[PDB]
Each structure stands twice: as C-alpha cells, then as structure tokens.
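# I need the structure of the sequence given here:
(chains A, B, C and D, ligands or ions: 4)
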Amino acid sequence: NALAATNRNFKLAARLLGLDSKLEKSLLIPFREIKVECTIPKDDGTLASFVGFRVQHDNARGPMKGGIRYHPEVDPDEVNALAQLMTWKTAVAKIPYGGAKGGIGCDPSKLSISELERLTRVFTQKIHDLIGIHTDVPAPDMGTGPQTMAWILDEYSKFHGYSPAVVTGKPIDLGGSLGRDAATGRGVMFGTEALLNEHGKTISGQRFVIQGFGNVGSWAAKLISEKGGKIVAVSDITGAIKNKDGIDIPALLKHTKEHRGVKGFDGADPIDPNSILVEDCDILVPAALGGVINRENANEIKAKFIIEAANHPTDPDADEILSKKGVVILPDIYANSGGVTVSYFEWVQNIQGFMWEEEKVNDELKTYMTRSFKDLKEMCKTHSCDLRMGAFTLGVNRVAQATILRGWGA
Amino acid sequence: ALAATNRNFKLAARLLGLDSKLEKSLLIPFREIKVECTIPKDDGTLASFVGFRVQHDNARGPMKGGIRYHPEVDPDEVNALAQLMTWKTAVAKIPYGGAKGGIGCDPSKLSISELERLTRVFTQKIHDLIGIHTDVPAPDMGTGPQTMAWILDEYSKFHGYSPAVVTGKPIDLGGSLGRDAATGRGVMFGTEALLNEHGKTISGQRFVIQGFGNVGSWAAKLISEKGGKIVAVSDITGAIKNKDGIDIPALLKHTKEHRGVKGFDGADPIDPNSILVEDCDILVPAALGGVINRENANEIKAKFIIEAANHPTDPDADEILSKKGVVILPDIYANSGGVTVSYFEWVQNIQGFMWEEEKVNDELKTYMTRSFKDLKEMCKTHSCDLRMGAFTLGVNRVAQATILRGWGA
Amino acid sequence: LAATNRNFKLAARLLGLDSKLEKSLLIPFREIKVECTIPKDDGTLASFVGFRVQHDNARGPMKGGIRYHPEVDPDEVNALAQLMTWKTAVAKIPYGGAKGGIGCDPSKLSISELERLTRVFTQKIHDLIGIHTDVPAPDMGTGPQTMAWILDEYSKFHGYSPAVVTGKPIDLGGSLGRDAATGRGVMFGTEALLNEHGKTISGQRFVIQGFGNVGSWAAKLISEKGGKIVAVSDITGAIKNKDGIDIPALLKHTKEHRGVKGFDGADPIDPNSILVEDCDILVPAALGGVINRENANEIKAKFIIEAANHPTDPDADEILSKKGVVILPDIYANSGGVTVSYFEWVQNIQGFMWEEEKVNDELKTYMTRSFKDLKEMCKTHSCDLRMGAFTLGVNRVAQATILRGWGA
Amino acid sequence: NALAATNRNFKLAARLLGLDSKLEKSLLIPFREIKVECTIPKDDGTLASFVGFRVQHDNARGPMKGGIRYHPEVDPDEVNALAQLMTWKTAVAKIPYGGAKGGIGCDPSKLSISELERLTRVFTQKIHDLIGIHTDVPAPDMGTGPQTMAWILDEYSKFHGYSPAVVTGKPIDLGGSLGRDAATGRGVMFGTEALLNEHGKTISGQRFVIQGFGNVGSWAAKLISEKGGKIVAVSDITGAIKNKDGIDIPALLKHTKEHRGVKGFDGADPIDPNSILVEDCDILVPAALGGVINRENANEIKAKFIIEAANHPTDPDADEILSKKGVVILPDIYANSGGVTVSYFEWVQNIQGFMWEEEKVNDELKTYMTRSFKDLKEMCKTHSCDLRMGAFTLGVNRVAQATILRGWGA
Ligand SMILES: [K+]
Ligand SMILES: [K+]
Ligand SMILES: [K+]
Ligand SMILES: [K+]
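Numbers count the residues shown, from 1 in each chain, chains lettered A, B, ... in the order given. Ligands and ions are numbered 1, 2, ... in the order given. Okay, here it is:
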C-alpha cells in the first residue's frame, strides 16, 4: 500500500520536472531483466530447482547496486519497483551507482547450510557474466548476509580472479568496511540532526520513540542517546518497553544481546505493543516494517518529526494526514541512505586496494549525507514540495541528466 | 495445439521413466532475458521497445531459435516455442538446444532506417548473451536475411567477424545454398521415408497441398518431380483442382506471374474450404495450424497427412485420424529440413568453407532418413504413434545429455 | 622410469642432434601441481594433489591422459608425457605430449566424491589447458563419464568446449569407432608388417596375450581378416586351438562371464606359457616387462606386436634382436588410440561428426603413412623397428622445434 | 637452520588454535607449484636451458607476494617453506596478500647482462598467465633487483597492457615507491619502540649492539640514534667497534660509505668480531645472518630484549634459554616485516595510479606495524605463549579464518 506508490512518486517527480514522456518511459523501463534456473542436489541426493533472478534497472550514473533476497515470495512487479527505487536512492545519495535488485525464490529456513552454500555458488555461476566490479555489485538483503557475500565472492573469483569489489557487505576479514554495521543507524542519527537543525533544534534533549530494535533501530538508539537524545520507548518482536525519563541504551543493549529481545528489561516498564507509535514524544522513528503508520493511526501520532528509518513505513493516506497537521517526515529514501553510502565506501576501499580507518568511513558518510540533505532541501524550495517529493525529484533529475548527457545512438 | 506442447512433453516424460525432479528441471528454461531497446526515430523523438530471448536448454549444444519482430508477445508462447525447439533439434539429431527471442514492435510502422537502428541496438543489448557456441539466432516473423545481415554486422564489432553467429544470412554473406528449398525438400524426404515403410513410393500417389508458399510450392515442385500427382493445391488466392494432375512447372509460372493460383488454366477452381477433404492419398497441410481439427477430421480421405506447417492437427483430430488408420507425419519431424539445413549453414561457417548445394541436399537426406530410423524405432519401443515417438525421442536425448553432464555431485 | 630416456639418447645420437638441443627436448615445457580439496560425503575435508606434465607442444596442442591412481612416480609421469610427444610424432598427428592425474584411490570414493573431485581438479587447471593448448583424455582410473564432467565444468569458464577433452560419451560429441581404435590399430600395423615380408594376416597363426579392451578388439578384426587366433590368455586363464579360436564365439562367452576360462571351442593351456606358444605372430597386450631374460630364447614367433606399453624391457629386446625376431614397438602399435582421439577432436573442431567408416578409413590412412615413414627410418639408420620409431618421432619434434626457433 | 623449523612452528600454532587436522593439512599444501623450461640463446648463439619455478602457496587472503631468486641452488622443500612463511608473514602484518616464492636455477655471475635480460623475458613469457595484478605479485630477491623487475614489468606488459602493479621493487622511474630503501630498518626501529612502550620504556637512552651493518643494520642504527638510542657496539664485514658512550652514527655512516667498512673509525675502539653478541647492553639486534645465537652463547647475552632483524637469527635452543632468563625476543617474522609492508604500499600506489609522498609511506608503515604489534600481543595474552608463537598463531589464525569464510564448494 506504500510500495505500489513507487511508480506514483516517480510520475509525480517527472511531472514536477518538465520530463518528456518519451524520456520518462525510458527511465521507467529497466535496462535488463534476467531469470536463471538454479538446480542443486539436496543433502538427500535428490534434485531441487530454484529460480534466481536479477532486475538491473538503470546504469546511467554508474554500476548497479542492489541486494540479493532469499525469500519464497517473488512478485515481478514488486522486485522491479525495488530495483527502480534503488536507482533514485543512489542518485539522492550522490554515489555513482545505478539501481538493481535480485534474489532466489527459496526459503532458507528449510535448507541446510550445506545446501545454502551449494545454492549460492550455483546462482553465482549462472550470473557471473551479468555482474562485476564495474557492472553490478550485489549486497545482502532479506535472507542473506555476510557469509552469503563471502560465498559469492569466492565462486565469482574463480571465474575472474580475485574480486573483493564484486559484492559489498563482506566480512571484515574478506575486505568488508569498518563502520558497515552501524552505517544505516548512524545515517539516521545524522539525517535527524540535519533536519532538526533546520528547525532550530538539536538531538540533545529531544524525546525519541524507536519502533523496531534490529540492526538499524539498535544502532540509531545508541548513537542518538550518545548525542544527548532521550529515548523514551522502544519496541521489538518480543515486546515494547517505556521509560519516561529515558532508557539507558547501553544497559538495554547488554540485556538485548544476552536475552535476545528487549522484553524482560529491568529499567523500563513494559507497555502495550500497539501504543508504541502513538506514544507521546517529539520524534518517532519507525525502524521495523512498512505500513505501520496508516489512515487508522495517523491522527494519533504525537511527534512533530517522523524519521523513516525503515522502508515504506508511512502509507500515502497517512502522509497527507500528517502534512495537514504540521508533522515533518524525513523520507526513507534519504533517511536510511547511510547503508548504501557506506557500501559505496566499501567498494571504493576495495577498488583502491587499501582499507580506510573507521573515522574516515564515518567522516565521509557525514559529508555525503550533509551534502545530499542540502540538495534535498533546495529541491523542496525550488518545487514548493514536501521532503519526500524533493527526494524523488532530486533522484530522477540526476538520472535523467546523466541519461541525456550520454545520448541515444544518433 | 501449441499449448498442447506441455501435454506432449508431460506424456513423453511418463512414457520414459523420467524422475519428477528431472522433469521439472527440463521444463525450467536455462535463461530468460528482457532488455530495453530505445532508439531515436527518424523524427528525432525517442522510441522504446522491449527485446527478449528465452534460452530454454543447452544440454545438447548451442541454442538455436528465431527472432520475431511482432507487437504481440505472449510469454507462455515464447517459452513454449523455445521448449519445442529443444525437442525438435533433438529429434533432428543436430547438436543444438532450444531458444526463442524477438522485439515487441510492429515493423509495418517503422522505417527501414529505424529497423536497422532497432536491430543494431538489440544486438548491442544481447551480444554478450549469444555467440558462435552459445546461441545462434535466425529469422522468424517480421525478420529476414537482411535483419540477420545487420545482426552479423553489429555483433562483429564486438567479437570480430562471426558469420556463424546467425543463420538465414544472404548467400553473399555466408548463407547456405539450398536454404530456400530446405523445408520443402525435407517434406518430400520424410514422405518417401514414411511411404517406404509401407512398401509404397511417391510415384503415382495423389497429393493435396493446402498452402502454396515457400514450403508448399517447394514440396509440390520436388514431389511432382518424383512422380507425385498433385491433384489439388490451395493458397491465399483460392484453390484449383485437377484429378489427372496439376502441371506444377506451368502453375509455378502462373503463380509467380499472377501472384496466386486462381486463374490457372489446366485446373478447375474449387471451394477453398473443401481442400482438406479432397480425395487423395497424401494430404499436406502447409499453411496454418489447426486446419485439421475436431470438425473435419473424420472427413479426411488421405491415408497419410504430412504436417509441413506447424501444429496443423489439434489433439482432437489426432485421435480421430489415428483410429481411422491415418498415419500422420508430425510437424516436429516433417518440416525439420529447415532447422537441419540451418545447422548446415552454421557448420559451413564454422569450417570456413561453403558446401556445394548437392552436398547440402545429400547431407539433409542422410540426416532426415537416419532421424526417421530412430523415430521409427522409438515408436516400436513404446508402441506409440509418430508424434509421441518424436517427443519421447527428443526428451530422452536431452535427458541423457543432462544426466551425463551432471549437477555438480 | 629411465627406460624411455635410454631409447631417446640413442635416437638423439643416431641423428646428428646437438647436445644442447637434445637437453631442451628432454626438459618438459611445464610441470603443474595443484591442491584439490573437497568435502567428503561425511562432511570432513579431503585434500588431493592433481598434476599435469606438459612435455612438448612444438607440433601443436598437447595430448595426454588423466590417471586416477594412488601411486604417483614423478619419474614415470614425466617419462609417459615424454613418450606421448614421440608417439604423436610417429602417428603424424599435430599434437604434443602431456600427462596428468590425481593421486587418489577411486575404489575408495563415492561417485559424488569422484565428481566433486573431478570438477575441483578442472577448476584448478582449466586455465592451463584448452581446445588449442592441451586436450586431456581418459587413462587408468578414469573413463568417459570423467571426461563428461571435465567437459561440463570447463565449459562454465570458457563456454561450450566439446573439443577440450576426448574419450567423451557419444551423446556429448565423442567419436564413433573410438572404442575399437587401439585394437584396430594393432591389426593394421600387423598387416603392414606382414606385407613387407611377402606375408599377409590371412593364414598367419596368432597367440594373443591379454584380453582386455585392447586385446579383445585385436582378436576380432584379425579373425575377420583371415587371421587364425590359435591361443588367447587373459586374467582368468589361457585357451588354445591349433585350428583357430572363433573370436565371436569367444567374445560371446567372455561377455557373459568375467573371463574365457570355460570356453567351449578351445581347450585350456598354461597361463604362463602363452608367451612361448608356437605361432608366427605373438602379441603381448597386458603389461610391461613381461618379455624378459627368463623366456626370450623360448619364443617361437618371428613377429612380436607390442600392443601393451613397454612389454619388452631392454633385456629381452637384445635377446630377440638376434636370431631374427621382429618386434613392432608399442610407440607405433597402439597409436591407433591417440590417432582416433585426434579425429574426435577434429570432428568437434569442425562441429560435424563423421560416419564411422570415415574414422576407420582415415585411421587406415594415418597408420599406413606412418609405417612407411617408420620403415624408411629403419632403412636410413640400419636399425630395428623400435629405434626406427624413436628416430622418426624425435626427428619430427626437433624439426618442428628448429623451424619455430628460439627467438635469437 | 631455523628455516627447517618452519613446519615446526606451524603445527604448533595450528595445535594452539583448534585447527582441524584436515584443515591443517590443507593449509600446509600449496595452492599451486609450477616448473617451466627457460631456454635462451647465449651470446655465443648456443642454447642454454634453465628451469624457472614459482610456488604459489596460499591466496585465501589475497594476491600472492614473493621474491624471485636467480640462484643455482634450488631445494624444492626450502622454496616451499619460504612461500609458506610469506603466507604467515603477510597475515601477521595484516596486508591483504598470500605467500609465494619463485626463481630461476642459474648463476647470474656466469651470465652477461644481455643473457640475463633474455632469460628474464623468457621466464616472464612462460609464467605471465600465472601471475597478475590480482593473482601473484613478484618482487626482487637474491640475484635479482629493480632492473630485473623492470624487465618483468616490460615483458609482462606486452601480454596484458601496462601493469606497473605486477611487480614491486621497481625503479622509481617506473613507479617504485619512496622510502623503500629504509623500510626494513625503519620497521625494526618502529617495532622496537612498540615493544619497549609495553615495558614503560622508550628507545631513548638504552644501549644497542647491532650485529651486521648491511642495508637493514645501517638504517636501523641511523634511525635509532635519531630517537636517542645509544648504539654502543657495531659489527660488519670488516670487524667490530665499541664506544661505551655511544658510537656517533652520522659520523660513522660517512666513514663507512667512503671506506666500505667500519675498519678504521676514529671515535670507536675496535673489539673482537666474534665477541659482538655477548656485549653488555639493553637491546641486542642480530642483523646479519641466521643461527648466530645458539646454545653456546645464550646464557651470557646481557640484553633483556633481542630484536630479530635478521632472518632465523635465534636457534630453537636459545629461544627457551633466553625465555628462562627474562629475555624478550621480537621475532623476525614481525621485526623485519617493514620491507614486505612497504612493498604492499608500492602495489597500492600503482593500483591507485598515484604515488605517495615519502612521509605518507613512512606514516602508514608506522600505523601498520603498531597495529600488528598490538594484535600480536593480544594473541599471546590469549594463548600464554612467547612473541614468536604469538606471531605464528596470529598469522595462521587469519589465514584459517579467511579460508573457512570462503568455504569449500558443496
Ligand atoms: K532505462
Ligand atoms: K532446464
Ligand atoms: K622442451
Ligand atoms: K592450501
């Protein structure tokens, strides 16, 4: 209900710009769509056939970037929307990538680790000629992780020699970047301060509600509290906890790693899991799932700021409700761009054959996100639009310019 | 009768002892590609088209399949034809796999300069996905030898001169002699093979040929030259009959002059809808699919039907004509002379040395008789009709190569 | 071992070969060792060494088998690779000599492990071989399926490459007549040898020691050319018939059973006396060094066809050299195999398979020409057949080496 | 030779870690071993045939690195040991290389410069397909030098285009690195300060005896005196000299370069050339050859610290004797790693197409060696072992982790 909106925002941005319909159509059509057969022997000896795939949407601004999703549900339209979304996101970030997205229709929880490596290596064999250091650089996604990237790297290197830059999100021992783990969360804290400063405020003192406590949410909470932010409520799959005076995030993290959830945490009262988004605060950070803010609860949001750390957490219905209430929303396409930005930095480090210290990684991230927020701000002033539309017009403009500069045939 | 393809495959897999897991893998195509083809039109404005190529199976060698320029593109049909080509090349005993591709577009609305432009972009967008030993495209609806010349030309910018990358080229650019008559000549070859098995020969037999294009005319020419009596021929302009035999050479001059058979002295005109039920020995549907169907199958008087066209017999008519004792030479074999000679064109390009036409035709006789022998022996093995014998033979060969090559332990 | 090197220096001195050029001809072009580590079926790791000696490629791509065997003597492997270089030159096929394998016991591995290992080996050497570089073939412990796996795995790195290996299944581009190739070659050379002496295969009495893949095929085609196969031995025992063993009937018996011992139509004889049987033509077809000091004087044949490799070590060579026993050397006699393996490659290069009659007809052409070239070397240097073969082969490699030059 | 101890140290380190015996077996086996025929025309026209070779031991952690030896003595076992040592050495240094080692069995002192170029190019032609920018990067060694590398670079570039990164040790005019001459000596001084700092000490004031005065030894004395180190005794090819207040190193360096030895230096009294190891001081630097410290001279060593600047300078017996005395030994695998580390920097600069100023080379060298020393120490803390074993365990562990992360197929 918010991802079908991708094409809508695009067409909206294209109309904000003076985009010609013929160029718009070209930008909509992906550069390449690939489906491959992945047949492996299972541990019981019998054959198992899976379909791997890769949508390579756009490469005008450089090599394509996108995750590999191991998930049984594969909608052709949905995957295409994500590949296109990555094209604008990389453009908003001003990193020299295009957008792509791939995966294998499969359920990893029903495969042995032996089968998952076997499956991953076959998939790499079937697409090795379609990706590459300067063509398409995959990344982890739902159902895959650093070990997956390691296996891809190993098999790919058999066909083209050692190629650490062919995937990002690798283990540190295999050429992964420092700061990759904290990247998206750190970006969320960075972008929040940029937006607050634009209103004469700073993170220090503000009250935060963080819905979701996975990698992104947990890191956000850590770095934000370290900036003086008052984290008053946090939820995860195990429950939701509140502390009006501020949750001690270091203590929570220590509890959360040991106990595998925020539930049972001494030092914060448990609260109704369905009250977390409507809890009283200044800044609301949806950091788990999509569609959690909708027509059913938009009027009950109390924050003046919503930092879309998760993807598509706010449906179009809630978007217009909160606008007509003075709520500013930092759109996900910008708010969580620290991840893909740092992945660009990982690739750069591999291209340069020399890793950066973490202070440099983080320093460049601050620079890239400061600049992109400024450009994002100026697009809004130019087109008298909200932040989300400013991000899409900014992204579509850059792709369109690069496309035009490179030309079509004769 | 086209969507019936999976029916023939699923049956053949059951006639063979194929494991259900291996059967599913054989159904899954090796690769499916969609590419953006945007070109500047003659007026300067942009035009965007989608090109595509389904590469179904390559167990038995490089993939082979036509390129279709047509605005209507059904994904299932494209996949079905690619799968069909996999079985057909296996029946032919030529070392290819099956593929099928094209661009969704209407060439009648494009200038010739735009069509070259569009063809070159498509080649640039897929050149890394085809190749001398990978995938050898060929013409199909909306493309022809000129299109192949353009592909050859653009592909060679990326890989050096590569005449073997496409078949159906002009003779001047390494196309094969005998390429025009190949399908038609193959039909006559398969007819004699089938008749020889019944102690009969072409000489004397009465032929009805529905459709008089390249395939139909060539069959009529070469069959009449073997002593066959063509008693009726129909085409887009009408149908003409002569119970004592139509003089094909004279008819060919009339049809080349008058762009149709209607008006030919030496054959009375007859109802174009009556052509399939005319009295004869051998009926050659050579125009369209499904022309022999549930409504007219019982009314066929021929003891043999030579499927020169593709899918001329619906499953319904297959059983009616089977029980009435009609032997049907199935399309997958009967018109394989074309794909066989396209293999010969490629072989000649691979060997850097063209064949005399007599060699082309002589190898074709060898390839189609030997494949008929194997086709015959499969039917006896499984007590099945020719069409089912062909699918089981084709699926068995691919399965053998797939199993020999393995799935990485 | 050093058995080969002994013939080589002898041939090198027969020709006027420069000692420095001779040293280079002896040194192999390349020696490769690679680690092949696979997970075993129980999950634990297993590490094997693969290897390939690439001896000489002056005359074209190198050719040689892959042997899966636990015993790996570096001296043997180099000797075999060097021998292949000479063998391909006597055959006049445009190949050089190479030889490789994996130290492992295939009898202790599942087919899953054997496939895994084969593919890993291919990954480890794919960049060191190729359709125009080095074309492997089956050998001890490998067969057509092994070639199929190599073909499949190699093709992931370089596209479909049927010509990268020979000995493939026919379903994957293997040659017709490949199975009978070596056996037919021995029959061809026997007729050439007899024709030089005013005799023909027809009428001559054959005792055939060994009835494996090669021996069985030899017996078949000679019986069909009128040869009287009067005694045959193999791993299970020996049978004799002065009027001739019916090779089809013998083949029927052996195909049902696992040996000829029990064959109606030939009474059994002593398994170790076959070499000393009364006949005109004796064919050692099993193992090396079997013709030796202990039984050389008791050979009654005037003709010995070396179907096996190194069946006569130097000791018997000189004993039989006197008294007039003719020996057709292994380097030529079993070259039918490597010749038809060349034809398999040619067919794959041409993308168009040959009828079997063409394979066999070209086989007859290539071996006749090489025999004629072989005899003239013997006449030129007043030497026996074995040295004549070495002189011919080493001459061809040296000529090719010199024409191509050394930079300068 | 403490060279044959290589397999000795490894199986120990592999046992200190929980290394599966089968994985230990694979880590022992080299990835590839190559022998090639190198036949060239000599200047008199006659043929000469040589055998070139390259052991490529391990590449789990990256491209292989190793020297090319032009030397008539070729022991296969020793060459394999050296390539294996390099695998561990690069892992301790934390540079992304594996270990290799090669050469040509030949005596360059019996060859003209024209024949040496001919032979060098023929060797490159025979192995060009087995090395590469991301595969295996050779370097000078005994019998080869910058000119050798220039010829390799030139001939290789005919086959793969300009490839300055294919070898290190190049002439500076062809992309060689600044500071490469002082690298090993400077590295010795860096590690010495790192070691002393853990003991609350600094280079300043302490007494140095430096045995051997080659490239490494001379540079060490130079850099050490400049930090305040008191070099009280020096040995070289011509003899040994002493000065209880400290030998004036700048003045001596002037004396040694003109005269080509230390024999004759005003400002330092001569001493027994065979007494050099038993001189009283704080830090003794064996900097010439291996096995110079053995059981016969171990008990009377007066230093609390031995900086193994040379390779294999301490035999196993003395290692335990000096441990049983409170003597700390900085092992050669770490102490002289400045060379290989800067060779990595040379490669990096060529990969990036942009040379570093010398100060940057030296600052990065300091960074890499302090970081590796800190890592080396924490390994000792975990395994309660000496510095030498701490280095092997650290290197073997890193290789083992990379190997496992990349996996084995199925
Ligand atoms: K596009
Ligand atoms: K398939
Ligand atoms: K040689
Ligand atoms: K290893």
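# in the stretch 201-350 of chain A, which residue sits closest to chain D?
The nearest approach of the stretch 201-350 of chain A to chain D comes at residue A:350, 9.6 Å away (Cβ to the nearest Cβ). (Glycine included, C-beta is placed from N, CA and C.)
# what about residue A:374, how many residues nearby?
11 (other Cβ atoms under 10 Å in any protein chain shown).
# quick check on it: phi, psi?
phi -60, psi -50 (degrees, to the nearest 10).
# neighbours of residue A:75, just the number please.
With other Cβ under 10 Å as criterion, residue A:75 counts 10.
# could you pull up phi and psi at it?
Torsion angles, degrees, to the nearest 10, at residue A:75: phi -100, psi 120.
# surely the residue of the stretch 201-350 of chain A closest to chain D is in a helix?
Yes - counting by DSSP: H, G, I helix; E, B strand; the rest coil, residue A:350 is part of a helix.
# who's in contact with it?
Listed by Cβ atoms under 8 Å, 6 or more residues apart in numbering or on different chains, the contact partners of residue A:350 are A:164-165, A:175.
# same thing with residue A:55?
A:30, A:32-34, A:66, A:79-80, A:82-83, A:100-102.
# tell me the SS of it?
Applying three-state DSSP: residue A:55 is strand.
# any idea what it is bridged to?
residue A:33, residue A:101 (DSSP bridges).
# now do the contacts for the residue positioned nearest the centre of chain A.
The centre of chain A sits closest to residue A:336, judged by Cα atoms, centre = their mean, with a distance of 5.4 Å. Neighbouring residues of residue A:336 by Cβ under 8 Å, 6+ apart: A:184, A:187-188, A:216, A:308-311.
# where does the stretch 151-300 of chain A get nearest to ligand 2, residue-wise?
Nearest to ligand 2 in the stretch 151-300 of chain A, going by Cβ to the ion, is residue A:155, at a distance of 20.3 Å.
# I'd guessed that residue sits against residue A:126; true?
No - using Cβ atoms under 8 Å, residue A:155 makes no contact with residue A:126, being 10.4 Å away.
# hang on, the earlier thing: let me know the closest of the contacts of residue A:55 to ligand 2.
Nearest member of those to ligand 2, counting by Cβ to the ion, is residue A:34, at 15.3 Å.
# report how many residues lie close to that closest one.
21.
# ok, now the one 10 residues further on?
By the other Cβ under 10 Å criterion, the neighbourhood of residue A:44 contains 8 residues.
# one more: residue A:43?
Neighbour tally, residue A:43, other Cβ under 10 Å: 14.
# quick check: it touching residue A:116?
No - using Cβ under 8 Å, residue A:43 is not in contact with residue A:116; the gap is 10.8 Å.
# can you give me every residue that contacts the residue in the stretch 51-200 of chain A positioned nearest to chain B?
The nearest approach of the stretch 51-200 of chain A to chain B comes at residue A:129, 6.7 Å away (Cβ to the nearest Cβ). Residue A:129 makes contacts with residue B:128, as judged by Cβ under 8 Å, 6+ apart.
# quick one: residues contacting residue A:204.
A:227-229.
# residue A:285 sits in which helix or strand?
Element membership for residue A:285 (DSSP states H and E) is strand A:283-286.
# may I have that strand exported as CSV, CA atoms only?
Written as CSV, here are the backbone C-alpha positions of strand A:283-286 (Å, rounded to 0.1, in the frame of the first residue of the first chain):
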residue,chain,number,x,y,z
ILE,A,283,10.4,12.3,17.2
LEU,A,284,9.1,9.0,16.0
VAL,A,285,11.4,6.5,14.3
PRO,A,286,9.7,3.6,12.5
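# chain B contacts on chain A?
Taking Cβ under 8 Å from any Cβ of the partner chain, the part of chain A that reaches chain B is made up of A:20, A:22-23, A:25-26, A:29-37, A:39-41, A:46-49, A:51, A:118, A:122, A:126, A:129, A:408-410.
# go again using 6 Å as the cut-off
A:22, A:25-26, A:29, A:31-37, A:39, A:41, A:46-47, A:49, A:408-410 (Cβ under 6 Å from any Cβ of the partner chain).
# fine by me, we can end here.
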